[PDB]
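Descriptive analysis of the structure
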Amino acid sequence: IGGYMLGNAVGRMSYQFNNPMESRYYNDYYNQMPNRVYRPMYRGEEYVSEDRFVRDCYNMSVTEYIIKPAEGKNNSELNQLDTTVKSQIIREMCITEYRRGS
């Protein structure tokens, strides 16, 4: 990766979700949650599908909102639902990037 960059934003997502916890949590936590998605600029990949793009993009996105907030935020297992939604949303945010980037 030549660097991470922020491509395009999303916009309050508010997709279907699987369970209303994921929706409500995203909407109250919207302020802590991301407003956009970041991008792995490969200079020579040529062998990634959307499953590899979404994971590699995800794998950055997650750290940006798990390891960074580790500075001093003691959830104590409160992070379970935080990660539950944040996993789901980052995957969906990643799919949307392909669908505005096209």
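Residues numbered from 1 in each chain as written, not as in the entry; some residues may be left out. Heavy atoms only, no water.

As annotated in the PDB entry, the protein chain is prion protein from Xenopus laevis. According to UniProt, the comment filed for the protein chain under the heading Subcellular location (unreviewed entry) is "Cell membrane". You can read under Sequence similarities (unreviewed entry) in the UniProt record for the protein chain the words "Belongs to the prion family." (UniProt positions renumbered as here; feature names shortened; annotations may be inferred.)

Let's talk about the pattern of salt bridges
This structure, assessed with the given rule, holds five salt bridges. Across the salt bridge formed by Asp51 and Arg55, the nearest N and O atoms sit 2.9 Å from each other. One end of the pair is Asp51 and the other is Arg55, both in helix α2 (residues 50-64) and four residues apart, which spans about a single turn. The exposure class assigned to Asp51 is partly exposed, which follows from its relative accessible area of 46%. Two residues, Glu92 and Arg91, come together in a salt bridge whose shortest N-O distance is 2.8 Å. What makes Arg91 partly exposed here is its relative accessible area of 42%. (Salt bridge = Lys/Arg side-chain N within 4 Å of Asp/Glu carboxyl O. Helix = DSSP H or I, 4+ residues; strand = E, 2+ residues; numbered from the N terminus. Buried < 20%, exposed > 50% of the residue type's maximum accessible area, 1.4 Å probe, protein only.)

Brief notes about the UniProt feature "domain: Prion/Doppel protein beta-ribbon" (unreviewed entry) in the protein chain
Under the local residue numbering, the UniProt record ascribes the feature "domain: Prion/Doppel protein beta-ribbon" (unreviewed entry) to residues 12-99. From the first C-alpha to the last, residues 12-99 spans 16 Å; its make-up is 51% helix and 7% strand.

Digging into helix α3 (residues 79-100)
With 22 residues, α3 extends 30 Å between its outermost C-alpha atoms, agreeing within 8% with the 32 Å of an ideal straight helix rising 1.5 Å per residue. Buried within α3 we find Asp82, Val85, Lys86, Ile89, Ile90, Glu92, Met93, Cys94, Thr96 and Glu97. (Expected span 1.5 Å × (residues − 1).)

Some points on the packing of α2 against α3
In a pair of packed helices, the angle between the axes and the distance between the axes together describe the arrangement. Viewed as axis vectors pointing N to C, α2 and α3 meet at an angle of 125°, and their least axial separation amounts to 9 Å. In terms of orientation, α2 and α3 fall into the oblique class. Read as a crossing pair, α2 and α3 show a hand that is right-handed. Contact residues: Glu50, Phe53, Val54, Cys57, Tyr58, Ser61 and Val62 in α2; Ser87, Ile90, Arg91, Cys94, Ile95, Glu97 and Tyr98 in α3. (Axes fitted to C-alpha atoms, helices over the stretch in contact; angles between N-to-C directions. Parallel < 35°, antiparallel > 145°, perpendicular 65-115°, else oblique. Left-handed = near helix turned anticlockwise from the far one by under 90°. Contact = heavy atoms within 4.5 Å.)

What to know about the nonpolar core
If you look at the biggest cluster of nonpolar residues, it comprises 14 residues, and the most contacted ones within it are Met13, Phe17, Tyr26, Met33, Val85 and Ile89. For this core, the secondary-structure elements that each account for two or more residues are α1 (20-28), α2 and α3. In terms of residues, this core owes the most to one element, α3, which gives four residues. Among all residues touching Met13, those that are not within four sequence positions of it are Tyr26, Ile89, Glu92 and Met93. (Core = buried A, V, L, I, M, F, W, Y, C linked by side-chain atoms within 4.5 Å.)

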